Structure formats: C-alpha cells, structure tokens
Amino acid sequence: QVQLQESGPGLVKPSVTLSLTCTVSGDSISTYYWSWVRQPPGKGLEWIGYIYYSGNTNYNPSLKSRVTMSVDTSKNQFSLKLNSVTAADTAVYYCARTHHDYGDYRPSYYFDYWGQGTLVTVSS
Amino acid sequence: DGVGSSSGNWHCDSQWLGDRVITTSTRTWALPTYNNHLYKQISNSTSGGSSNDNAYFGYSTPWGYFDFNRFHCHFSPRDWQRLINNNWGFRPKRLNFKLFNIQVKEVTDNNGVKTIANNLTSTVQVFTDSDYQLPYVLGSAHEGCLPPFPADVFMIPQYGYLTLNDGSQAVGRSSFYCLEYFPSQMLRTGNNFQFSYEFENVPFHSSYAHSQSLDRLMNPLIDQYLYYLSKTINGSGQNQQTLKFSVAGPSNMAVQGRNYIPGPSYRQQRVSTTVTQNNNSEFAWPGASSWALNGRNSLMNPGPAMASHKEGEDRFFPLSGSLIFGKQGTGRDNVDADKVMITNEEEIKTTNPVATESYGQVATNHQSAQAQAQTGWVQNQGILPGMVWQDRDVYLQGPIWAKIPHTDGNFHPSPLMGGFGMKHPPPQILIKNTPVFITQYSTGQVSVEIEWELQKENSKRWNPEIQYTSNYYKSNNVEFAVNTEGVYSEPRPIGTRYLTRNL
Amino acid sequence: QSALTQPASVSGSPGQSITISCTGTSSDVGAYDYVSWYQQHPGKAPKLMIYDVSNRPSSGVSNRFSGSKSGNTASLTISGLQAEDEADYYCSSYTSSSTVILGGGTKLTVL
Amino acid sequence: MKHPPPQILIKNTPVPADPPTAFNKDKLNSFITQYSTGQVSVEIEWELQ
Amino acid sequence: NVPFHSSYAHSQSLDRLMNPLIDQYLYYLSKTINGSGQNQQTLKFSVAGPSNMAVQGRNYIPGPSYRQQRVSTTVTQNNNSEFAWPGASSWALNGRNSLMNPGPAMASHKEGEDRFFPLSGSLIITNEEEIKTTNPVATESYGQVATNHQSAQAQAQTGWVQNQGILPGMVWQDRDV
Amino acid sequence: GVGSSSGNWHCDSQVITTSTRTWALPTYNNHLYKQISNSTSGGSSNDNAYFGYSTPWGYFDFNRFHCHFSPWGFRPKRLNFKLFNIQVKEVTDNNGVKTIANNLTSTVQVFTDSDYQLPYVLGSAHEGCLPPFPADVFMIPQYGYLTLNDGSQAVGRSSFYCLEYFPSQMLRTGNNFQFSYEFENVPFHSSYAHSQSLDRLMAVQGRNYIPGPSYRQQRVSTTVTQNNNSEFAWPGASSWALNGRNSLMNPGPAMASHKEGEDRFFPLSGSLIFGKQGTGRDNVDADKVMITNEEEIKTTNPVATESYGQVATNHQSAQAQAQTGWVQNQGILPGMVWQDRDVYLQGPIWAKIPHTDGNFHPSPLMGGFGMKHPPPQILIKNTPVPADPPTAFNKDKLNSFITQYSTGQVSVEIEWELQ
Amino acid sequence: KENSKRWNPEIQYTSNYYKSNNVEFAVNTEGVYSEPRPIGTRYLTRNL
Amino acid sequence: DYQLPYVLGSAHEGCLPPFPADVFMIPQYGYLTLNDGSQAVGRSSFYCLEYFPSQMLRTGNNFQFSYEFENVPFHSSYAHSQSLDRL
Amino acid sequence: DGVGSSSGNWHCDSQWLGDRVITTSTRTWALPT
Amino acid sequence: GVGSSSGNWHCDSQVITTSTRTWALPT
Amino acid sequence: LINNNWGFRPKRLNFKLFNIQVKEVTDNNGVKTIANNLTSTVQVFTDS
Amino acid sequence: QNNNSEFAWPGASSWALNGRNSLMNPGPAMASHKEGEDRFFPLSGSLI
C-alpha cells in the first residue's frame, strides 16, 4: 500500500528554480529508486530522472544540466529542483516509484507506483 | 507448598522434532473482580436495544476465562514461517495447561493515593468444564487472547453467555447457569493448577495451494471420445434445424466432459478498495448477503469458502466474505481502509467459485419451434454429488478451533472462520477471585503447551516454490518487532498456503 | 537519448484484437528486453501494464493485454476490446546510456 | 573462546497494579514499583604452569 | 444400530452463541459513504461486538430450507381463494408432481406467531417450534443473496433464497417424534 | 535373452478378465519437453485458455470397460499389469524410401507413479485406450499436463514436472516389466433398474424420502423440426464458472434423460455421446453418434430437462394470492435419495478424486468408481540414442538423434467381485 | 539445521507470483531449459 | 546455546566490584543489529528474551549452574630474556 | 551379462532424511573419438 | 523458605578462586 | 536446502556407468549409416 | 558513471608469477559493494 503525494507551487515566474517534494506514505523509501516524470498538457510523458536512497542519482541527459534531486529518509520523502524554469517547464509532475530488487545488478527502468500529480505553471 | 517458594517456571519455547512441533507459551495475567462478585442478568434492553436483529438475553458472571484460541498465541512469526514454508498440513494433538505463581493482592484506597499490599491468605478458584455443560463462548473469535508478544501482560476477559430470548425478554425454555455449582479447585499463593487435554482426531488443515485448476485436469494433447452438440442449425435461413456433433479436444476445452465440479456458492456483493469505483450509496447492510433465523437476520459472515476475486482483480473483495483484522492501535469504530487488513482467499480459485460471481447457468424452459432456449443465473448453489472444495485458510492472527454445535445433523463441520471443528473442543477454563467486600485482585502466570502433528511436502515439482518471506528492505522499524515506544505490532496477516500440490 | 516512435492513433471496434507498435534504435528496444507499457486515462496517473517485454503486474492488469518484441519494434496487443480500454498508451525502454526513454504515446479509440 | 561462559540474564517479573473492573484488550501499562536484591557467588578453578 | 433420537430443545440459538461481554477482533464494513452528496464514496470499518450482534463472524449456519406457503388458523386472514393445491410446495418425478409432505424439517412458525403453520410442512396439527434455534422457518426465505455487481453506475441488488441446499458448516435438527 | 520370449499371450475372461494387446511407441517431440499453451495452439477464447507442457513420454490407458470385457453389482479388486516382448525398431531414410532394422542395445524406460506425484490424466475420458478387439495394434498416446494459467501465460504458482526426474525401469529387448495394484474399497456399482418408484412406495401423501438433486439441462429433440430454429448449443447450455472461465456442465448431476414416453429428447450436455466406428471429428450428424440415455434412473431421479419443484415466494393474506416459483437447481436436502450414472461397455471405469479438503458423494459424474488412490499412471518413452557427435567438444546439448520406435505386448488382469 | 531464536521472519528464497509467458527454471516452447538467475546459499541468519 | 547477541566481550562496566564489600547495580542488557544508518534492513533480527525458558525464583529459591571452560592455551605471564635478533 | 539385458535403471530423485540429503542424478552421455 | 538462608557467603582463594557480592536489580 | 539450513557438506559418492552402446558410422557420399558395433569396448578408469 | 577509457586489463588487480601476470579472479572473499551501492561490482572480484 505505497501512496505517493507531492506538493508544490501552482504558478512560478520564469528564471526561478522550481522545488517539489513527494512524500511516500504507507511504506518507506526503502531500497527502491524514485523517479520524477513530467507531462506537458496534451503531450507525451518525459522521464526527468530518479534518485536512490543512498543519494546515487541518474538524470535525463536533456535536462541533466539544470536538475538536482534529493532524498530525505528520515522524513520519508524525496524532492526535485529545477533551474531556470521557462515556458517549456509547465507540466503535470508525477513522482513515481521505480522498481528495484536490492542486490542484483539489474537496471531499474519501470514505474510500478505513481503519485496523483501536481500542475506547475511557468508564467509572468 | 510455601509462600516463599515459586510453584512453576516460565516456559516459552518451540521444539521441532521430525513430524511434530511442540509449542510452549507463558504469559503474565491479571484477574480483577467483575460485577462486584455478582451475577447480573443482561440484555439489549439495558442498552435500550433499538433493533430486533440485535436482540439478546443472557447473564454476566464474576468468573473470567483463559483464551489461547488464536495462532499467534502459540507461534512466533518465525515459527509460523517455519511451519508454512515446509509443510502441507498440521493439526493439534495434545494440550497441557498450567497455572502457577498465584499472587492475590488487596487494594486500600486511603485518602489521596491508594495502597496495594499482599493478601497472603486469599484464594483463587479455577476449574475447567470438561463435560461441556456450560455455553461455549470460545469459538466466537472474541478479543482477550494471550498476547502474541510474550513480554506483554494481559487482562483476563469476563465470562458471559446468552440463552433464548424473545425480543429482549426471556422465555420459559431459557436456562441459567451458576458456576459456583461446579466443583472448583481453590488456590492460595503457594498452590498451582494444571490439567492436560487430548484433541479429538481432526483432518489436517491444508496449507497448500493447488498447482492445477479443477477445469484443466485433462491431457492437453489428446481428444476425448465423448461428443458435444456443436450446431443446432445449418445457417441463415428458415427450417434450418439440424444436429451436429464434434469431438471434445484440446482446441475447445470448455465443452469437455468432466468428472468433478466446483464447490458450493452463496454469492456476496463486490466492493472495490478504489472508492470511486464503488456506487455512491450506503449499501453496507442493505446490499449484504444474509440468512434469517427465527425472525432475525444474521449477516452471512465470513460465509462459505469462496475465492475473494478473479485472477488479477485484487482491489475487489466480498462485502462480508473475508476475515478483516485491525492493525495495531486501530480504533473500534469507523476506521479507514488503511487501518485494517483484509485477508483474501485467492489460492482457492482453482476449485472454489469466486464469491462475487454466479455459480453458473441453468436452463429455465423448454425450447421448441415456438420458443428460444432461455437460461438464468445461479446466485447460490448447495452441495451436489461430485463437488470438491477447499476450506478457509488459517491465519497467524486467526482462530484455531471451534465447538461443533450439538445437533442431529451437520455437513462438513469445518468452521467457517477457519480452523478445526471439534465436537469435544479444548474445555473452557474458568477462573475468579474468592470473595473476601475488600477490594482485591490477583495476578500470576499461565503456560500452555500444544503438540502439533505435521504433514511433509513430498512434491516432485521441478521449479522453486513460493515461500513466505521478508524481502530486503530498510525502514525505521523491524517488521514483527517493537518500536521505540515498546509497542509490538504484526504488520500483515499471514496465510498458511504457499507450497503447492497437484489437484 | 532519442525518443521511441509510436503511431499517433489507433482505433478498433469493441470485441476485436488491436495492436500498438513502438519502434526504437538498436540501443534501446533492440538491445534489451527492458520494455514496458503504460496506460493513461485523462486526468489520471499512468498505470503500468507490461514490464520485461511480456510480463504483466500481479494485480490490476487483465490477461487481455499482451506485450511482444521483434527486432527494433515492440508491440502491445489488446484483445476483446472494451470501453474502459480506450486510453493513452506509452512505450518505454531502458537505453544503452543507462537512462529511461518513453514513446510519444498513441491514443486508442473504441467504436 | 567459541563457547565462552554463557550470558546470565535476569529480570524482575512484572507485577501489575490493579487492572480495571471492566475488560479491556490493551496490555497493562501500570505496574507496582519494585526492585530486587540478593547475593552472587562465582567460583573459577584455574590451572597454573 | 441408529443414532439416538434427540428429545430435547436447545437452550441457545445458533446466532447468539457469542460472549455478550466482549468484542471480536474481526471487522465488518460499517459505512460506505461519508454523507449525502455526489462522490461521497468511502470505506469505513468497525469492530463486531455486543451492540451489533447481527454482523459478527460466525462459524456455523442454519440448515437447509424448501419454503412452504403460510396458512393461518384464523380464517379471515387467509386469502379468499382456493390455493390449497396451486400454492402447495411440490416435487416432480417422472412427470408426476407429488406434494412436499412433510419435507425438510423446519421451524413451523416464527416466535410469537403460533397461529400460522406450513401448508404441507406439519403432520396432522403439531408444531416443530422446538427447532427454531438452528432451523430456518418453513414459511420464510432462507436469506438474501447479492444478484449483481454494484458499480458507480449500478447500485447493489439482492434476491431472496426460497430454497437452499446443504452447505458446509450447516447444522440442523431433525423432526420431532 | 535376445532370442527368447519374456512372456506369452493371455486373453481370457473367467470374475477375472485378462486382456493382451500389441502396442507401438513412437518418439514424441524428438525427446523434448515443450511448453504448450492456447496461444501455441492459436488461442483467442478466454474460456479455452490453457498453459502446460507436452512430454516425450507416453502412457498406457485401459480405463474403459471394452478393454477388459468381450461382448446386480460388481466392482474391481486387484490389478495386475505386464509389459513384455519388447522390440526396438530404428529407421533410416535412403533417398525417399525407409529402412527398418532391429536395434538390440537400445532401451525402453517405464515407471508407474504410485505416489500420485504427476498430474493425473486418466480421468478425463480421452482416446488412446487399449482397442476393444484383441487383434488390433494400437498407438500409445503422448502424455501432457496442464498447470495454472492466466490467459496463455503462467502464474508464478505454476508447476513444471520433469518425468526424467523419477526413478524408472529401463528395458532392453529381453527384459519385461510388471507390477500389481490393489484397488481401494468402492461400493459395488449397481447393475439393476428399480422395479418401484420413489413416490409409489396419493400425490398428497406423506413420504419419508424425496428425489435427488437437479441442475436443469435444456431439452433437445432428435426430430429437428421440433427444435427451435436457432443456434443454442452454447447460449442455451448449462455451465459452471470457475475463476472467470465458463465451463460446460457436462455430463452433470445424474438425472433421468427424459420423462416417461419421451424417448426422442436428450439433455443438451446431459448425456454421454459416443462415436460410431469411422465417425468424423467435427459436425457429424445425429446418426453417426450413439447417445446413451439415463431413463433407467427416472424412478428416484428427476428428469434432467425438468424443474425439481415449486416453492412459495411470499406470504399469502386476504390481500395477496399464494404465489409459487419454479426450482431449476436444487442441491442436497436431508432425505434425498438418488442413483448414480450407469457404466457402459464403452464407458470409463475409474477416476481420481481430486485431493481437496472436502467432497460430497465422490462418485465421478461421467460414471465409474471414484478412488482417492486409483490405478496409477504408467509412463513410457524410448531412450534417446544420439547420432555421431562433432568430435570437437561442444558445450551444447545434442539435438541430432537416431530415428527410432519400439513395440511389444501388454497384458492387464483385473479380478472383479460380483454381487 | 538452525535452532535460531529470532522472533521476526527470515528472508527466504522464493519465486515471485508473476504473470509471464514462461515459468522460471523450466523449458520454453522450444524445449530449451534455462536458469534465469544465479542462486546463492545465504538467506537464513545468525548472530555473530 | 549462544543464541543471543553476546555482549560480554566488549569491556563494559557493570562488573562485580573488585573490593568484596561493595554493592553494585546490575547493568541493563541490550543488543545491536544490522543497520544502514539509524534504520534497519530486512536482515536485521529482533530477539525476545521472554521466549527462552527461564527459572522463576521467590525469596526462598536459589539458582546454580556449572560450566566447563573449553581448552585454551595458557596465557603467558612472563617476559622474554632474549631478543629475536640476538638469538 | 548379455546384449539384450539392461545393465541398469534410471534414478533421478532426492531423499531428505534427518540431517542428510541423498541426491541421485542420471544422464545420457555421448563420447566421440 | 522465608525464614531461612538459601546460600552461605563464600569469599576465599585457594588454584581455586571464589567471589561473592551483593547486588541490586532495578526494573 | 538453502531456506531450511545453516550449512551442508558432501559425505559419500556412488557412481555408475551402464547401458553402454557403441555405434560405428559409415559415410558414403552424402548419406551416412549408423549401426551397432556389438563387440566394441569402452575404456573407463578412475584416478584414485 | 564509468570512465571513458579502456581499463579492463590495465586497471585490473593482478598477481605476477614467474614473470607472467595473472588477473586476480575472483580473489579473496570481500563484499562486492558498500551498502546502498548495488550498482558497483569489483572488476574481477565476482563470479559472472
């Protein structure tokens, strides 16, 4: 019974970094990867990147220069930071758990749980 | 023997020896004085009794009783894992119950703060009903069990029973039982009490899931020599009636002739854990399956053993069809779904019909040149010759045994909440403080020892099984452990069915 | 890396099997068996349907969905189409550069 | 040592204060304040060279 | 070599076998909506206990029923029509329809109504009332069964059981001599 | 020995029946265990989905009466089985003509599964039995089994069995195989028709007993103009749903085929239908099939196409008429009696009662004797003989084998106790 | 054997409940046996 | 059976006092398990000491047990007179 | 012992008794020159 | 019993060493 | 094994070779014939 | 996360014997990775 919940701003001015947190409830961050996926309205899904409980992170190459993620295991939540948000950044941001079996060397590519999603608007 | 000599030791161990397991549990208990040493008539009319379905009449007694009837009393979470992964079946054999280290305390409330001191001359009464003459309240799944975690100290539940009632009033045919009218051993601080019991022969509980389904038992390579009727007409046209027959074979397995059919069904309404899928109305009692007895409606709970859902639909559950346990620290009334743990009998789907599905269809008429074939849904089905079915699974938090009601007839007495039905179940153990009134309570130790017969898995299955396991994880707490407050908790219900068999 | 390529829309009449394909390079779909499919309804989060090319999640996915892969192309087949079936579908793969890429998605309409 | 002198564990058995007169399923959180004393003798034989 | 014929009346009923003082550790579904309005769905659960004894989990259920038409000794209550043969519960064999007399033993009538009797249920007029503890009333339905799948579109529906064959976990009393 | 017989021919009925036949065992799947499923066989229907395995092993089936019988009560007691005079032929193709030569050093593996550890396929009434006439030579069928499935896929709880993982007895041409089996106690199969009927031991009279259960079948006339002009073979049929899959109710509870004087009709799935010698596999007319009837049990058993009875649906009062409703399906009620379904010369003998917590009246619905420990499966295959290896070591298993098959004799002896 | 006194359940080696085209550690539709993953021996635990 | 975590070889306080007339407090028993941090892994174990069989003693009862040491070498209570290099 | 007399049978099983396990494997081999 | 001693103090070294102490155990 | 045990180790070994079958091969043009060679031997020994 | 260079052989742990260098495989028994770091494995330190 993992339940993801994320919170953040509705509206954000341009050239301002965007911060978003996601709280895992009913289960812990544990040994799983934790990903951020954004969907612009009427557009396809895009994988921003994920973070692991030990802080190891991987990001989308296109967004890699300006994206920072952080996990906090005590508060049982993880967050996302985006730099220089513009018009393109407006999206629904989902925080989805990415399946990973601890201890085997198997890439973790797919999302078996999802957050409700948050709508972020970049506008002046 | 002596006031300064302990009358028993604390035994808490599990022993595995071949085909048998011996469990031993010891707990510290506290027995208060209930009803100020009085027997008091009780009914709904005391509470006001607004409904006839809830109407009752009975008595409450000064006596308490011991209840070890749940599995987590006798098994640690590891021993339970050790049981269900390695065995196809188990069942109780012997029982040994001991009572010792009795301490009777006397309370004085003097001005502001109360004072406790030992009453060294007081007694405690304990006896067992081995002739089953009292109403048997143990098989009703009441709270008050020996606590699963041994370092906890539990309070003994008050004994009470019900008899016949008409509304809230009694009737002439009702009975009244005085427990003082039984001989009972009396115990002071140096005395102990023990008795042993022998379970009557029961079938092994089946801790396995079939690796086949009832409808797939055929050889997939070979045809039957039976025929079925494929066509009743040649095609589009008039007066096209014909009779056409085909061999039943690997291509169409649904029409093949079968020796055995699935078990009986009494249908339950279907509820989803995703609320927006549920209908927007209050249907918890109104839309529920039930049976009527002498004018009263008892909800059908949990009911006959039936699969909770079809394969791949875990969000649905039968309304009254499942056993539902509370999580540690969950309130009594109107808790959220996340506060409770809903057990699901998915493993019985191979031979048992889904609880929320119809049993099948029957023919409702005579077809003819003037009339089409008609069918109608079977919403409930009683036993037919050639049915096979699985009983309800047992859980670590669930009951062990029940008392088979004393009747002229019964069919498959296996109790519907799961476990071992017995016409002579483990006798009730009644205990109370002797009146002296002076405010007084007692405490002591209770040890219970059950021997368990096992049935080993002989399987030739090549690929590995499914085992109950604790997966690698990193959380604040350990599962099945105390937290930083010292509160023990069982995070989930654990079933017994992991290993498999052929059907 | 570069995105997975999917047809923009597909439609099928109720009760008939339909297939959605997604093409990828020899580095994503072609090299690995790490392909997953997601089904999304409007205003809701995507739901995992296929993982590991043909595997389905233990609960919440009917047996009517099946995944498959040939060469550089992966495919999602839905049979016995229903009204609930119409949704947006996404291909997703694990690439050669250890990153996750998805398809553009295909909208499926049931008549 | 592989099998050293074993640990010797000891506790005061808890004694509950007066429990309520209506039944409640919770574990008992109220005990009599209590402690114990006694004597301990340990005799070790030693071999000399 | 036959079983002893039981010659006693139960001092308990199948649905009261619980301890009246104690809660069960089981839960039931108490409430499906938070209130009145649109999109109020919820799942609330509560403990089964002495205040609501209908919803408690039980291990044993009453015996099988094949319903009888109900007839009142007070004559005015009976309908003014000849329903003696048509109304009667019957069974067909080889095309010959035989009356179900006496048939499955069942409580002749509900407590408080001794004017009523099963049309073909009782020997002639004795009553079987002693068995109303574990046996379903002859003139009453066995119970209710869900007849559909509720959904956000379709509300839950139940039908009546006019006859119920044996189930595992049934108990019953045979007919008195 | 290579030139001496290991057994003789016994084919006489004394009650001790004795059969003997000659069989041929081919090579199945080229010594491979291959996963099979509905998708493998073309799929499509949910009710027909399946998952399983086909094995290189074959098996023996005597489960039909015409195997042991030449043309009140009885029941089997002992079983005795022999496999002897083994002969192993190998085959080689020069151009387009084939050669057959004895291979004397090859073996034939056989074992019985007497702990019932394999899926038990002898209770599904399949083809592949010993031929009813002693002169025929029959092909031994291939063994395969099904396990759990969802659609054409496998759930994690699915099992895979390797029959090579059983200890088996290996036979060269001079070796023979035998074992005996003791039938567990069954009630005698009744071989009589009641001279009395349940209601005549008057329609209003009190009776002590009532007829057995019913699950209604739809009624079908052999005069086709009587039948409705529509396709109702599947739509009008009786079924039971298991795990979302609908299976036909066939043959179903034991019921009388028809009322007195209504010989023409038969319950849609309610009867055992046999093919005549030379009957086609698909869409054969009504005169190509033998349709058994259950009119014999109509005394104590309700017509399969009829309702069990009527029941009151309400409470009458001066305002309301007494109402009734029809009972299509009626399960066991205390006081019922019934007769099981009859056994036929062509019909099966036994079935294996599934291993479950509970069952009622385990007698199998197609007829015959239900046994929790029935006669065990007898498994057989030709041991693979590889061709010439590559002479440089190759990690891979060897896929090139010599073509081969075997032949020999089978004798099955059953003591029958008569009432 | 283990005599362990650990209260909470161990880690065990287990097959997942999965919906797959093939079953793990079994032949495929072509008759080829496979071993999907390397299985170690270390699941149960002990005190140090 | 050495089934508990064995904390005695860690050189903790709580010993019997060296002078025979001093009255000492008995130290509390606790143990450590696997951790990734302040948190626990699935391999972390929890032991309940109530789950061992134990002996219960009132004011008149006493408790004794005997234990044999396993064979261990003599600790050398001496200093060498020669050096390894000047042998 | 002869050409037409099998010199051994096929054993492929594991037996668990007490503290010991007895595994038996049987395979078919092919030896080139 | 209550009014008797269950053990005698022993504190001598013989090589056999013996020790005895008084302890207090809280909760 | 690995779920139920803290350790294991081999004890005894019993090895058997049997059902020896020697095949002599004759290659002529594209076809090849394989037939039993009945008098042929196999050498087997253990280095103990 | 790995370096863009060819280090399979030049970066390996090895032991020289009689003038020949042999890779240290798998070597002494050591934990494959520090906790929370499943992604890393020792070059030759494991069995593959």
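All chains are identified by letter, namely A, B, C, D, E, F, G, H, I, J, K and L, in their written order; residue positions are counted from 1 within each chain.
Definition applied: a residue touches a chain if its C-beta (ideal position, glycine included) is under 8 Å from a C-beta of that chain, and two chains touch if they have at least 3 such contacts.
Q: Based on the averaged CA atom positions, which chain is farthest from chain C?
A: Farthest chain from chain C, going by C-alpha centroids: J.
Q: Between A-C and F-G, name the chain pair that shares the greater number of C-beta pairs in contact.
A: It is A-C, judged by the count of C-beta pairs in contact.
Q: For chain G and chain H, what's the span in angstrom between their mean Cα positions?
A: Whole-Å distance between the two chain centres: 37.
Q: Nearest whole angstrom, what separates the Cα centre of chain C from the Cα centre of chain L?
A: That pair's centroid distance is 39 Å.
Q: Would you pick out the residues of chain K that each touch at least 2 other chains?
A: Where chain K meets two or more other chains at a single residue, that happens at 1, 3-4, 19, 38.
Q: Check each residue of chain A and list the ones that touch at least two other chains.
A: 53, 73, 102-104 - these are the residues of chain A that touch more than one other chain.
Q: If I count partner chains per residue in chain C, which residues reach a count of at least 2?
A: Counting only residues that touch two or more other chains, chain C contributes 54, 56-58, 61, 63, 98.
Q: In the complex of these two chains, what residues of chain B are touching chain A?
A: Checking each residue of chain B against chain A gives 338, 472-476.
Q: Okay, in this complex, where on chain B does chain C touch?
A: Touch list, chain B to chain C: 311-315.
Q: For a test of understanding, state which residues of chain F touch chain B in their complex under the given definition.
A: For chain F paired with chain B, touching residues are 36, 41-42, 45, 47-48, 50, 52, 54, 115-121, 123-128, 141-150, 155-162, 165-166, 212-213, 215-220, 222, 224-233, 235-254, 268-269, 272-275, 281-286, 288-289, 305, 326, 328-334, 338, 340, 346, 351, 353-366, 370.
Q: Touching chain G in the complex: which residues of chain K?
A: 1-6
Q: Chain C touches which residues of chain A in the complex?
A: 35, 37, 44-47, 50, 58-61, 94, 96, 99, 107, 109-112, 114-117
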